[PDB]
Amino acid sequence: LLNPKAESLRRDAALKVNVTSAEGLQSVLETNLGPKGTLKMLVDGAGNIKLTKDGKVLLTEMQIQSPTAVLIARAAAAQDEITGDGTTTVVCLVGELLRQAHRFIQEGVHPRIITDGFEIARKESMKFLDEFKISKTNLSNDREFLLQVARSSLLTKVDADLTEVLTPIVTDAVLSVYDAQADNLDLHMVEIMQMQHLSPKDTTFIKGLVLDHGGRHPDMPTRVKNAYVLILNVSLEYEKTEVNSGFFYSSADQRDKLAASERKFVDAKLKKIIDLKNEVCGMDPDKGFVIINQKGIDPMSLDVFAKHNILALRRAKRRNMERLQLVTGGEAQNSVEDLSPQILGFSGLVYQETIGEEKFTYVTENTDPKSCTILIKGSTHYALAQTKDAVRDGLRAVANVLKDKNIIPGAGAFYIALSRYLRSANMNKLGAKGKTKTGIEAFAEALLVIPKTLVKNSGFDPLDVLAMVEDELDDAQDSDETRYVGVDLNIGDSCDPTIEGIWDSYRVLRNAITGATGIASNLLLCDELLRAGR
Amino acid sequence: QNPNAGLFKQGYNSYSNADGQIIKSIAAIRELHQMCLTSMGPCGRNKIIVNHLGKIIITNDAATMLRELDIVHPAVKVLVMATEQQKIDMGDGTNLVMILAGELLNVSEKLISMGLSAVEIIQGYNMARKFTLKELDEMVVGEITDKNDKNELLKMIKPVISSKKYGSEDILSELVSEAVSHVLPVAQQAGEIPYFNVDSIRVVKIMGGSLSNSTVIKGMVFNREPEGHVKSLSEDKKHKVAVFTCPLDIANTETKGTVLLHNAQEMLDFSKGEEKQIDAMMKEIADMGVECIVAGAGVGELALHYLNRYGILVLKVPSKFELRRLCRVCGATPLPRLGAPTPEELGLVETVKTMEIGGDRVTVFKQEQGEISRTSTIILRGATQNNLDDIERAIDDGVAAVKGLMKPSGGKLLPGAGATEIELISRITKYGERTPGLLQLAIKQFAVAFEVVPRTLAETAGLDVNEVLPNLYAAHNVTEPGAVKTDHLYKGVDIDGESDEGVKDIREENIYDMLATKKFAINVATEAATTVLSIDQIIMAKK
Amino acid sequence: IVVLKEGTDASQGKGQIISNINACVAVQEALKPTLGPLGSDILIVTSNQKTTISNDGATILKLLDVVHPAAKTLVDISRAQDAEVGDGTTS
Amino acid sequence: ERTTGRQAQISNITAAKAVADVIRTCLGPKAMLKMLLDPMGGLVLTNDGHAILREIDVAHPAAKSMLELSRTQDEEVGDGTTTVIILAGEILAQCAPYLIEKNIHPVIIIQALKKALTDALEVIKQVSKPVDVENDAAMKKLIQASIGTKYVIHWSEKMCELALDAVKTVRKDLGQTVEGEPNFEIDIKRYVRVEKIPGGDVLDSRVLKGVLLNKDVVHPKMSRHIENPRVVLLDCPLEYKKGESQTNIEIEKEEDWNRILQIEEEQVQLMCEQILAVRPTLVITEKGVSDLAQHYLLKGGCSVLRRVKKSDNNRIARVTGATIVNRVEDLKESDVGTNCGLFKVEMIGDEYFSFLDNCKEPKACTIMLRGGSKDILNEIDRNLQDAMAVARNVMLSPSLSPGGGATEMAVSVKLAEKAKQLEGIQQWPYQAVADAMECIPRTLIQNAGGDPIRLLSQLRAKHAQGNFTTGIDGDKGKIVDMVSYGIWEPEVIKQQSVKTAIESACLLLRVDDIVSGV
């Protein structure tokens, strides 16, 4: 049964290769799982180095010939589009669920009963998901609890030394853009900008907006406690006549007269700008004036603005000029002829941080900025990529806590309990089927992969730490009360995930159990592997 | 027939942690580590680097070598970018960060073969690094007062010249410290305004003579000739100088002004036209009181002839980077146009002359106690141009070393030549016994990893390694009647050149490394060492 | 799959120091018969196809164009011997 | 190059067996997924029977005949594509040992397949049960078979209303011994053609009786509806005509423009005056309409619709009665606007429509589909086609057959009982037909996971004693009656499946030689 140029894997050996190929991807990605995991390095061949523990970011940068891992890569792509975190966890759930099913496949069990047993256990997992979940209050004074959510997100992607640095940055970033009275939040309002030539521990949070191009002049003010901000579209530099003309000078002094007469049109607008500073709060202390003006400014106007102690910015990005409308509040002035003090906005301390290569301008301390900035510092490129991946994953993880009021305790509290629940429930219930017991038991034993992997990367004995948790769960169940138990990776004993502050998002674990079950079932449903053109 | 397991990806090559890539990565780094082991120290070795352009150079510094080497393998690229991290923020420690982070991985292999988890290895170094960085704050002996005295600069610059150019240490110390003191202003209790730019010290070298004939002048030095017929100005102070961006020639019109030729009658008027206009322009410019014209652009034939009759020294400087530093000295500002040398735009300079250096005459730019200069120049002389060029690299790193002395606690110092290294080993073992748990295995190996620096200086010096090691331990291990161990922490690794025996005190030769360089080098090297241990697998794919 | 070189040959060790000496002996062995006024002459064929015969070590060694980097150091001292003195570039 | 003798018979069996073997696991709701690696690096995990083999290129010509058989089979029935391929491929597989090992001549087998086809169709009619096609509640439970396991399951009641109201307009129910019986002929392709309208709700989907046109009215302000419309259909466009001579119009002098423009305005007015002589309220031109003709018919009190296809005018002629006319001067008095309810300019989703709909059924309706997006419209489209396909099979015969392998196994039992009196050489290939009938319930069990030998032995013994209506459950996999769980497919699915399988079996056995080259 063959024609030219065809290859086909037909009998049960076909499914054995697909599972084994999925088992190979499991062993690779199980090393980076958890905060105790390892940091993988990627090379594109051109010399670019990227350090990330995220599952999808790795899978998208790698090319996989194995067709089974491609479906896992496509499945991990949908996980980030929904959950945004836990793509590695889904991979560990799919692979082990196939390994545990592979044991029953060798016994002669048809994969339909195996897949149907996973769907029945998935429905019971969702029933346990609603009972096991915790409802968190919508109050924004929960920052103490948000410090625990930040650690759960940060400790995975960082050495845990940058956690103390990024914890106040990420937590202040989400609540500042979070609207009062139980409204939504916009992660686009938080800008992520990378810079070089400083240590990663110097990473600071920017409440306002930061600009790249700074004012160039030695006499520019270093800091201004309070200043009135002007948004101007008018060019303050040397211009030319709107109609074609020429400057013919008999002497060198006449050339300066023709040059000053042409700049007089700009100087007339320049006098209206400097007189507006004395018009409103000119002699008043704790008041200032700043020029963010978009177009260029000649050094002649920079010397005049320096005598007035006015910061003059030039050559600003068009997108940043629109961001200043929200951050500062000052309207964009298209023409100086229509300039009025009602157009100007108000801002707080504006201080220019001077580094030899790069000058920084801070718009911070604004009344209603409604936009944050996270300035990521690092010496190399990979130090910026690892921190940026931790910030992008950290902001969305905290955002899912305010959007979704339901929370779940981490440290394998949902995995270990559901694995013990489904094992003891199916024996008491017995409402599925006799042959389905294999699929239900295989799924319950496949849920143990995460707590066994977390301690595997930690180096501790997985059999010893699991027996200590099972003894605590049996003692808590006999005591007739509710006690959440989790594995402590640092000490090695058990722990209360509510006290230790290890928390997992509800949306992450909701789509992980449903997502891993559907993808692993589709792999078992494959009867034959066809290859054409190979 | 024989299948292959572990590779499902596009026939690539990916080493799993089960294959021991971390051990293989350290072995690949060990090849580069042995390169730096013969570099650091005054007894170190120089490496010849043949460039792909057909130029043969030789240098001691490993950071220059890493730039000339093509680095691909990922475990090596981490330390190369870590070396560039050492190159920024300080001018010293290139051989320190490479040898230190290389040995941290060498002692890590003994923990890997023991079965100790790499995460528990990284956790051990992170706890031991915080113990070291906290102890180095209390291991400081003296602190530079920032008095900016020449003798105070001789204390810092002298050990910096060592390990790069040996035997010139005392000779180059008087040359570098003199030029630094010229840039350093006179101030105290002011930390707000930064100063001491690296570009403020220019280094020129001419073949011939020796280091004994090298001097230090206050000002910029230009290699170009005095184009004008006036070789040098008078000895009168404060000569006016005009910096012109526009070339010296007949002026043009800002609008069009394209020269066209129709009949021969116009060609005769173009010659007489440029003759009368340039003679009128150069006149009025020289009538403004400026005796020296620095042209950033070309100089015409007639424009140069008329300035020679007025006694105007013409010196062309096509480099805009030199004109910027010329403004910080004379005070003049470049003018885009020509013909209007405003006296407010004019500067002042006391002496512009042409001196013969190494047989060739060059026009210098200088001053004596007036119109203060923010830029100085070191004039080097030597017979071998190769070794003389390496002297310039040792001076530039010495200037960057003085830049290491600033507000962020740069004046703090620690005894060098393995004196602090052996002492720090015993202090970390003190932290090991006091810290319970599995960290003791990682903390002790963290202290043993610091034995590479003292063993390096003894190995490159021809000394017996087996003899020097106990002499370093017995010197820093003493019994004192009290908690503080008193008189002498100063025993270092002794580089002799003499005959007999033993180690020496750091106070004798005043050879030490600042705390700012050592504290920053350990933090970067340890972070780079724990970084290499974080990667258990590499994956390459099509971009 | 990764490499540490991309075709950059670098060799070290104590054997490389000895190998650098043998390269200088080969350059020395050529210049030995030219030492002295009665010394032998070297027959050199330049890449320009011009053939010259002289016993002066300066003119000789400048026509060898030795590629070996360590042996190039002997060329630097030959120009220094030709500059400060001008005679005795063979010795 | 050339394949002759019994070698071509082997290649014909290998080709048909390889094509079927792929989709043997694609039968049933529990059917296993198939992984097809594309030569470009992609893969397709879908278990759809037609979507897989369409992306699989084959070499042997008999393998291409099996692909073209499914394409024709999909035009008759909308589902059961894998059922026909397995049956057509297994008959040749069961006749393989007889054709070679037993050395039976192919014409002997082909002649026996014709007798096995007639006996099989009679058994299907015996095991089938009658159904009422006039019961609305019964027709909805039928179409629901092609509904469930799809996104339209929630709107299924409306999905049946779109399918039922569409087939009731096209159907012609007649019979007698005089002019013959049409056998309830219904054409879903041409007359039932759907129109997908974006926006709205699925509940807003209506079955419109008439024709629909997306082209708007040439003027913005026009009568929105006409009480008693008079429709005029014509071919030749309305524009200033051209002579039979070489005459060309080139105007330079400024006062010569009004001379030609007056002739242009006069000739177009005469063409519009011929239309307005009957005082029509509607004007529909197959070709374009000039701006001058638009103004003359604007003040004439009639709507103008430019650029209508000729195939549309034929369907416009049935909803109206307007006689097709070529030349504008040839307009017949037989041209009428009678039997036209209203003319609607109504706009839905910023798209102008045209409604010629009336209160009567001119044998052809128009389906108006609405939804939440274009992806929903395409989902309703293909699902309505499967909804109308099952509805078509029920309207083309009032009989239902038990599914889940019940009919497939019941025929195999009756063929074996008849084979006892069939003595003679044609009995050997005849019994291979009944063995091929058992392959359909076998694949359902293999896809279920139960023991195929134990269940098929108990399933065949169940028909030999108990009723023929006892099939196999799809979800469970245990022998059950089709009375409890119905799974009632129309007989037309079983009819065409058995007919095309024997024709395909006779097609491959009729070719004993394979020659390549032109």
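So, how was this worked out
- Residues numbered from 1 in each chain as written, not as in the entry; some residues may be left out.
- Chains lettered and ligands numbered in written order.
- Part of a larger assembly, values for the part shown.
- Heavy atoms only, no water.
- UniProt positions renumbered as here; feature names shortened; annotations may be inferred.
- Contact = heavy atoms within 4.5 Å.
- Buried area = accessible area lost by both parts, 1.4 Å probe.
- Salt bridge = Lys/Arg side-chain N within 4 Å of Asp/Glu carboxyl O.
- Polar contact = N/O pair within 3.5 Å; in protein donor to acceptor, adjacent residues only side chain to side chain.
- Helix = DSSP H or I, 4+ residues; strand = E, 2+ residues; numbered from the N terminus.
- Nonpolar A, V, L, I, M, F, W, Y, C, P; charged D, E, K, R; others polar.

- Chain B appears in the PDB entry as T-complex protein 1 subunit theta from Saccharomyces cerevisiae.
- According to the record, the entry carries the title "Structure of TRiC-AMP-PNP".
- Of the comments in the UniProt record for chain B, the one headed Subcellular location reads "Cytoplasm".
- Quoted verbatim from the Sequence similarities heading of the UniProt record, the comment on chain B is "Belongs to the TCP-1 chaperonin family."

- Going by the PDB entry, chain A carries the name T-complex protein 1 subunit zeta and comes from Saccharomyces cerevisiae.
- Recorded in UniProt under Function, the annotation for chain A is "Molecular chaperone; assists the folding of proteins upon ATP hydrolysis. Known to play a role, in vitro, in the folding of actin and tubulin. In yeast may play a role in mitotic spindle formation."
- One UniProt comment on chain A, placed under Sequence similarities, says "Belongs to the TCP-1 chaperonin family."

1. What about the interface of chain B and chain C?
Argument step 1. Between chain B and chain C, the residue contacts involve 15 residues of the former and 13 residues of the latter.
Argument step 2. With both sides pooled, the region where chain B packs onto chain C buries about 1300 Å², and carbon together with sulfur makes up 64% of that total.
Argument step 3. For the pair chain B and chain C, the interface holds zero salt bridges.
Argument step 4. Joining chain B to chain C, the criterion identifies two residue pairs in polar contact.
Argument step 5. Broken down by secondary-structure element, the contributors of at least two residues to the side of chain B that touches chain C are α1 (21–37), β1 (47–50) and β14 (538–540) of chain B.
Argument step 6. For the side of chain B that touches chain C, the class distribution of residues is eight nonpolar, four polar and three charged.

2. A short note on the interface of chain A and chain B
Argument step 1. Residue-level contacts link 42 residues of chain A with 39 residues of chain B.
Argument step 2. Here chain A and chain B share an interface that buries about 3400 Å² over both sides, 57% of which is from carbon and sulfur atoms.
Argument step 3. Counting every contact that joins chain A to chain B gives four salt bridges.
Argument step 4. Here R255(A) and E254(B) are joined by a salt bridge, their closest N and O atoms 3.8 Å apart.
Argument step 5. In this structure, the connection of chain A to chain B is made through 12 residue pairs in polar contact.
Argument step 6. At the level of elements, α1 (13–29), β2 (40–43), β3 (49–52), α8 (252–279) and α14 (449–458) of chain A are the ones that each hand at least two residues to the side of chain A that touches chain B.
Argument step 7. Among the elements that take part in the side of chain A that touches chain B, β2(A) stands out by supplying four residues, more than any other.
Argument step 8. Taken together, the residues that form the side of chain A that touches chain B break down as 17 nonpolar, 17 polar and eight charged.

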